[PDB]
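Below is query-v1.txt, holding compact mmCIF, C-alpha atoms.
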```txt
# COMPACT_ATOMS: atom_id res chain seq x y z
CA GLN A 103 156.70 -113.46 121.05
CA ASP A 104 153.60 -111.81 119.65
CA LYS A 105 150.40 -110.17 120.89
CA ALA A 106 152.35 -107.17 119.47
CA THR A 107 151.75 -105.30 122.76
CA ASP A 108 153.88 -107.97 124.34
CA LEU A 109 156.37 -106.42 121.96
CA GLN A 110 155.27 -102.93 123.03
CA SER A 111 156.37 -103.95 126.51
CA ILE A 112 159.75 -105.05 125.19
CA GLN A 113 159.90 -101.83 123.19
CA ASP A 114 159.26 -99.85 126.35
CA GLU A 115 162.10 -101.69 128.05
CA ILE A 116 164.46 -101.08 125.14
CA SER A 117 163.46 -97.43 124.95
CA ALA A 118 164.32 -97.14 128.63
CA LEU A 119 167.73 -98.63 127.89
CA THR A 120 168.34 -96.17 125.06
CA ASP A 121 167.35 -93.42 127.45
CA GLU A 122 170.08 -94.82 129.70
CA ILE A 123 172.59 -94.60 126.88
CA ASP A 124 171.56 -90.96 126.50
CA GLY A 125 171.99 -90.64 130.25
CA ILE A 126 175.49 -92.11 130.35
CA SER A 127 176.53 -90.08 127.32
CA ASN A 128 175.34 -86.90 129.04
CA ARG A 129 176.15 -87.38 132.74
CA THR A 130 179.62 -88.88 132.30
CA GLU A 131 181.87 -86.18 133.75
CA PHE A 132 185.46 -86.03 134.96
CA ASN A 133 185.79 -82.95 137.15
CA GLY A 134 182.52 -81.71 135.70
CA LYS A 135 183.58 -82.10 132.07
CA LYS A 136 181.30 -84.00 129.72
CA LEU A 137 183.22 -86.35 127.44
CA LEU A 138 181.05 -88.84 125.57
CA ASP A 139 178.74 -86.28 123.98
CA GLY A 140 179.54 -84.71 120.59
CA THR A 141 181.90 -82.11 122.05
CA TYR A 142 184.85 -84.29 121.05
CA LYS A 143 183.87 -85.53 117.60
CA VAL A 144 186.68 -87.07 115.58
CA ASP A 145 186.47 -85.06 112.37
CA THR A 146 183.52 -83.13 111.01
CA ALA A 147 183.23 -81.68 107.53
CA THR A 148 184.73 -78.62 109.24
CA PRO A 149 188.02 -79.76 110.87
CA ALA A 150 188.11 -76.34 112.58
CA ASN A 151 185.57 -77.72 115.09
CA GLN A 152 187.22 -80.94 116.26
CA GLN B 103 192.64 -79.26 133.65
CA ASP B 104 189.46 -77.59 132.48
CA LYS B 105 186.30 -76.06 133.95
CA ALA B 106 188.14 -72.96 132.60
CA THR B 107 187.67 -71.28 136.01
CA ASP B 108 189.91 -74.00 137.35
CA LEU B 109 192.26 -72.29 134.95
CA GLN B 110 191.17 -68.88 136.25
CA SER B 111 192.44 -70.06 139.62
CA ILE B 112 195.77 -71.04 138.08
CA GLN B 113 195.79 -67.72 136.26
CA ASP B 114 195.26 -65.91 139.54
CA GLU B 115 198.21 -67.80 141.02
CA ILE B 116 200.43 -67.00 138.04
CA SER B 117 199.37 -63.35 138.09
CA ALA B 118 200.39 -63.25 141.73
CA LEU B 119 203.78 -64.65 140.76
CA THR B 120 204.23 -62.03 138.04
CA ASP B 121 203.32 -59.43 140.62
CA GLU B 122 206.16 -60.90 142.67
CA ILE B 123 208.54 -60.49 139.75
CA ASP B 124 207.45 -56.86 139.61
CA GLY B 125 208.04 -56.72 143.34
CA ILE B 126 211.56 -58.15 143.21
CA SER B 127 212.43 -55.94 140.25
CA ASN B 128 211.28 -52.88 142.19
CA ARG B 129 212.27 -53.53 145.82
CA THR B 130 215.74 -54.95 145.14
CA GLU B 131 218.01 -52.31 146.63
CA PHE B 132 221.65 -52.16 147.68
CA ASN B 133 222.05 -49.19 150.01
CA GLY B 134 218.69 -47.93 148.78
CA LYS B 135 219.59 -48.12 145.09
CA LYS B 136 217.23 -49.92 142.75
CA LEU B 137 219.07 -52.12 140.27
CA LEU B 138 216.85 -54.54 138.37
CA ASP B 139 214.44 -51.93 137.02
CA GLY B 140 215.06 -50.18 133.69
CA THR B 141 217.45 -47.62 135.18
CA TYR B 142 220.38 -49.70 133.92
CA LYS B 143 219.26 -50.77 130.47
CA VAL B 144 222.00 -52.16 128.24
CA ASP B 145 221.61 -49.99 125.15
CA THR B 146 218.57 -48.03 124.04
CA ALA B 147 218.10 -46.41 120.65
CA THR B 148 219.65 -43.41 122.46
CA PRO B 149 223.01 -44.59 123.87
CA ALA B 150 223.14 -41.27 125.75
CA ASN B 151 220.73 -42.82 128.30
CA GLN B 152 222.48 -46.06 129.22
```
Let me see the file written as structure tokens.
Amino acid sequence: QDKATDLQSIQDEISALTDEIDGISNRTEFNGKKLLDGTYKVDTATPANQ
Amino acid sequence: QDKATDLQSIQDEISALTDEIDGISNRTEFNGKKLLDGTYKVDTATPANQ
């Protein structure tokens, strides 16, 4: 699976997919409200910001 | 139930209802005589003004 740029191509594809994960994590909204992003972290070192 | 202005709307509704409680407490009259308002308090710190 070499040429190494024939991995660059795969890399490009994968990077596009990770961009889509960023997309979904950002654009997911119920009545305008973003959910998946870090707004709703489980438990930080400061539990006052859960 | 967020957007927070989609709570502002609810707030507006509730504030209208509280205005209606003020209404009823003021406009309630038997032969012109207001009853519900503080005219007829139970017992103040001055019982001379019950």
Since chain A and chain B share a sequence, can you fit the second onto the first over all C-alpha atoms in order and output it as a JSON list (two decimals) with C-alpha atoms, in the coordinates of the input?
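After the write, part_35.json holds the following:
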```
[["chain", "number", "residue", "atom", "x", "y", "z"],
["B", 103, "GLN", "CA", 156.70, -113.46, 121.05],
["B", 104, "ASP", "CA", 153.60, -111.81, 119.65],
["B", 105, "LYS", "CA", 150.40, -110.16, 120.89],
["B", 106, "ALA", "CA", 152.35, -107.16, 119.46],
["B", 107, "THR", "CA", 151.75, -105.30, 122.76],
["B", 108, "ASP", "CA", 153.88, -107.97, 124.34],
["B", 109, "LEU", "CA", 156.37, -106.42, 121.96],
["B", 110, "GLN", "CA", 155.27, -102.93, 123.03],
["B", 111, "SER", "CA", 156.37, -103.95, 126.51],
["B", 112, "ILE", "CA", 159.75, -105.05, 125.18],
["B", 113, "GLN", "CA", 159.90, -101.84, 123.19],
["B", 114, "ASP", "CA", 159.25, -99.85, 126.34],
["B", 115, "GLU", "CA", 162.10, -101.69, 128.06],
["B", 116, "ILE", "CA", 164.47, -101.08, 125.14],
["B", 117, "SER", "CA", 163.46, -97.42, 124.95],
["B", 118, "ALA", "CA", 164.32, -97.14, 128.63],
["B", 119, "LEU", "CA", 167.73, -98.64, 127.89],
["B", 120, "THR", "CA", 168.34, -96.17, 125.06],
["B", 121, "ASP", "CA", 167.36, -93.42, 127.45],
["B", 122, "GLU", "CA", 170.08, -94.82, 129.71],
["B", 123, "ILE", "CA", 172.59, -94.60, 126.88],
["B", 124, "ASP", "CA", 171.57, -90.97, 126.50],
["B", 125, "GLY", "CA", 171.99, -90.64, 130.24],
["B", 126, "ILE", "CA", 175.49, -92.12, 130.35],
["B", 127, "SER", "CA", 176.53, -90.08, 127.32],
["B", 128, "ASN", "CA", 175.34, -86.91, 129.04],
["B", 129, "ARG", "CA", 176.15, -87.37, 132.74],
["B", 130, "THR", "CA", 179.63, -88.87, 132.30],
["B", 131, "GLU", "CA", 181.87, -86.19, 133.75],
["B", 132, "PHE", "CA", 185.46, -86.03, 134.96],
["B", 133, "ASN", "CA", 185.80, -82.94, 137.14],
["B", 134, "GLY", "CA", 182.52, -81.71, 135.70],
["B", 135, "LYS", "CA", 183.58, -82.11, 132.07],
["B", 136, "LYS", "CA", 181.30, -84.00, 129.72],
["B", 137, "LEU", "CA", 183.22, -86.35, 127.44],
["B", 138, "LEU", "CA", 181.05, -88.84, 125.57],
["B", 139, "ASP", "CA", 178.74, -86.27, 123.98],
["B", 140, "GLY", "CA", 179.54, -84.71, 120.59],
["B", 141, "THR", "CA", 181.90, -82.11, 122.06],
["B", 142, "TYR", "CA", 184.85, -84.29, 121.04],
["B", 143, "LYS", "CA", 183.87, -85.53, 117.61],
["B", 144, "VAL", "CA", 186.69, -87.07, 115.58],
["B", 145, "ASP", "CA", 186.47, -85.06, 112.37],
["B", 146, "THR", "CA", 183.52, -83.13, 111.02],
["B", 147, "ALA", "CA", 183.23, -81.68, 107.53],
["B", 148, "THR", "CA", 184.74, -78.61, 109.25],
["B", 149, "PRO", "CA", 188.01, -79.76, 110.87],
["B", 150, "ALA", "CA", 188.11, -76.35, 112.58],
["B", 151, "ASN", "CA", 185.56, -77.73, 115.09],
["B", 152, "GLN", "CA", 187.22, -80.93, 116.26]]
```
Margin query: I need the contact residues of chain A against chain B, so if you could list those with any atom within 10 Å, counting only C-alpha atoms, and return them as a PyMOL selection string, that would help.
Written below: chain A and resi 132-135
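Between CA of residue 139 in chain A and CA of residue 116 in chain A lies a distance of 20.6 Å.
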Would you compute an axis-aligned box for range 109-125 of chain B, covering every atom listed for it in the file with 5 Å of margin on each side, and report centre and edge lengths in Å to one decimal as JSON?
```
{"center_x": 199.9, "center_y": -64.5, "center_z": 139.1, "size_x": 27.4, "size_y": 25.6, "size_z": 18.4}
```
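Straight-line separation from CA of residue 143 in chain A to CA of residue 106 in chain B: 20.0 Å.
Between CA of residue 112 in chain B and CA of residue 128 in chain A the interatomic distance comes to 27.4 Å.
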Margin query: When you look at residue 142 in chain A with a cut-off of 9 Å (counting all atoms listed in the file), what residues show up, excluding the ones that are within fewer than 3 positions of it in the same chain? I need them as a ChimeraX atom specification.
Written below: /A:137-139,145,151-152
Have range 131-152 of chain A completed to N, CA, C and O atoms, please, and pass it along as a tab-separated table (two decimals), in the coordinates of the input.
```tsv
chain	number	residue	atom	x	y	z
A	131	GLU	N	181.07	-87.38	133.54
A	131	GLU	CA	181.87	-86.18	133.75
A	131	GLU	C	183.07	-86.50	134.62
A	131	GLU	O	182.95	-87.17	135.65
A	132	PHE	N	184.23	-86.01	134.18
A	132	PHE	CA	185.46	-86.03	134.96
A	132	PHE	C	185.76	-84.60	135.35
A	132	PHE	O	186.11	-83.78	134.50
A	133	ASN	N	185.62	-84.30	136.64
A	133	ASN	CA	185.79	-82.95	137.15
A	133	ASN	C	184.81	-82.01	136.46
A	133	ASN	O	185.15	-80.89	136.07
A	134	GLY	N	183.58	-82.49	136.28
A	134	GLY	CA	182.52	-81.71	135.70
A	134	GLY	C	182.47	-81.68	134.19
A	134	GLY	O	181.51	-81.14	133.63
A	135	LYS	N	183.45	-82.26	133.51
A	135	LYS	CA	183.58	-82.10	132.07
A	135	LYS	C	182.95	-83.27	131.33
A	135	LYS	O	183.43	-84.41	131.43
A	136	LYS	N	181.92	-82.98	130.55
A	136	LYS	CA	181.30	-84.00	129.72
A	136	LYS	C	182.24	-84.43	128.62
A	136	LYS	O	182.89	-83.61	127.97
A	137	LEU	N	182.31	-85.74	128.40
A	137	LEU	CA	183.22	-86.35	127.44
A	137	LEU	C	182.51	-87.02	126.28
A	137	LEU	O	182.75	-86.69	125.12
A	138	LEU	N	181.62	-87.96	126.58
A	138	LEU	CA	181.05	-88.84	125.57
A	138	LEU	C	180.20	-88.12	124.54
A	138	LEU	O	180.04	-88.63	123.43
A	139	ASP	N	179.66	-86.96	124.87
A	139	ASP	CA	178.74	-86.28	123.98
A	139	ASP	C	179.56	-85.71	122.81
A	139	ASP	O	180.79	-85.81	122.79
A	140	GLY	N	178.90	-85.10	121.84
A	140	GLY	CA	179.54	-84.71	120.59
A	140	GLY	C	180.54	-83.57	120.67
A	140	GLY	O	180.99	-83.08	119.63
A	141	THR	N	180.87	-83.12	121.88
A	141	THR	CA	181.90	-82.11	122.05
A	141	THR	C	183.21	-82.51	121.40
A	141	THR	O	183.93	-81.65	120.87
A	142	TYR	N	183.53	-83.79	121.41
A	142	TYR	CA	184.85	-84.29	121.05
A	142	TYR	C	184.77	-85.22	119.85
A	142	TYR	O	185.43	-86.27	119.79
A	143	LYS	N	183.96	-84.82	118.87
A	143	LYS	CA	183.87	-85.53	117.60
A	143	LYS	C	185.25	-85.68	116.97
A	143	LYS	O	186.15	-84.86	117.18
A	144	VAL	N	185.41	-86.74	116.20
A	144	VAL	CA	186.68	-87.07	115.58
A	144	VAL	C	187.00	-86.00	114.55
A	144	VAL	O	187.97	-85.24	114.69
A	145	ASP	N	186.18	-85.92	113.51
A	145	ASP	CA	186.47	-85.06	112.37
A	145	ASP	C	185.16	-84.79	111.64
A	145	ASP	O	184.60	-85.68	111.00
A	146	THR	N	184.69	-83.56	111.74
A	146	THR	CA	183.52	-83.13	111.01
A	146	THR	C	183.91	-82.75	109.59
A	146	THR	O	185.07	-82.87	109.18
A	147	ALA	N	182.93	-82.29	108.81
A	147	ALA	CA	183.23	-81.68	107.53
A	147	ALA	C	183.99	-80.38	107.69
A	147	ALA	O	184.65	-79.93	106.74
A	148	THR	N	183.91	-79.76	108.87
A	148	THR	CA	184.73	-78.62	109.24
A	148	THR	C	185.76	-79.10	110.26
A	148	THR	O	185.44	-79.20	111.46
A	149	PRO	N	187.00	-79.39	109.87
A	149	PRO	CA	188.02	-79.76	110.87
A	149	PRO	C	188.38	-78.63	111.83
A	149	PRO	O	189.13	-78.88	112.78
A	150	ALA	N	187.88	-77.41	111.62
A	150	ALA	CA	188.11	-76.34	112.58
A	150	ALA	C	187.28	-76.49	113.85
A	150	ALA	O	187.43	-75.66	114.75
A	151	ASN	N	186.41	-77.49	113.93
A	151	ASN	CA	185.57	-77.72	115.09
A	151	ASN	C	185.72	-79.15	115.60
A	151	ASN	O	184.74	-79.80	115.97
A	152	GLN	N	186.95	-79.65	115.63
A	152	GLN	CA	187.22	-80.94	116.26
A	152	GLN	C	187.25	-80.81	117.77
A	152	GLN	O	186.59	-81.58	118.48
```
